[PDB]
């Protein structure tokens, strides 16, 4: 575990992370995809061997010895708000199981279902709160990756609020 497990946020490409493993915002079919998934495909293409997994699950595949945790958030275009919320919570619980199993001291994680899968809604608070519910009981250093300057401030404020 980390000596004083923390949450941090960085605004940059998750393919440049400084952590012991990465969570991919994957699609269920293990396809290269877009956004976080395409950056992950470019950096760790070997990790997409047999990475297909259902919605609400995570499947880890090694790129050399570096673990890529493929986490499949729901596409809110297809799910009801209610069923989408259940699957988004579930995907993060499966990420916490994998991070624990791998014995890493740190993990890079994007906010699931906040981009192309958001159904055109702002889901920062919803996705971040499911991330916390899952990860609070782990002792890995969690580093959250985002792209948007305003999201960086809101994530930073949410982390600081609880400290």
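Numbering follows the first chain given and starts at 1.
Chemist: Check the entry's C-alpha temperature factors for 137-145 and 151-159, then say which stretch has the higher mean.
Modeler: Here the higher of the two C-alpha B-factor means belongs to 151-159.
Chemist: If you take the mean CA temperature factor per stretch, which one wins between 104-112 and 33-41?
Modeler: Between 104-112 and 33-41, it is 33-41 that shows the higher mean C-alpha B-factor.
Chemist: Can you tell me which third, lowest, middle or highest, the CA B-factor of residue 70 falls into for its chain?
Modeler: CA B-factor rank for residue 70: lowest third.
Chemist: Among the chain's modelled residues, which third holds the C-alpha B-factor of residue 124?
Modeler: Top third by C-alpha B-factor.
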